[PDB]
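Single chain ahead, by itself, as structure tokens, in the form deposited in one PDB entry.
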């Protein structure tokens, strides 16, 4: 086979078959793995619905925020990207969840996006994740060579 620089680079970003197989155990496990996260995002991007997972990741970064100053500004950015009318990464939430967020941006807390996040989480967990696991792409990641 090839031990060329290009190919090695690409192999270095593939998970082992072993670790990919473990992503079937639980959604949280897929997400806690850097490779599993990248795999899931690529599956979703191929189906033009990567915004849910990008949304979810930004809410995780947001939850970990300990400053009220940057917590208000992160909330405005998340809003701009994922929540407002015609946002590039617009998610599907109800007009009344959006309202509450928009109402809360000024005095944002760690749970500004919990309602929206949980909807999006459960969306992915019960929907895109099972489809991920059945994909030809994920199967090949799990296949041991030879």
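Residue numbers count along the first chain shown, from 1.
Just so it is clear, the following notes concern the form solved in complex with a partner chain, a form of the same protein that is not shown.
With a 4.5 Å cutoff on heavy atoms, residue 40 does not count as touching its partner chain in the deposited bound form; it lies far away. For the chain shown alone, residue 108 is not a contact residue for its partner chain in the deposited bound form, no non-hydrogen atom being within 4.5 angstroms.
Of the heavy atoms in residue 91, some are within 4.5 Å of its partner chain in the deposited bound form.
Though the partner is left out of this view, residue 102 does not reach within 4.5 Å of its partner chain in the deposited bound form, counting heavy atoms only.
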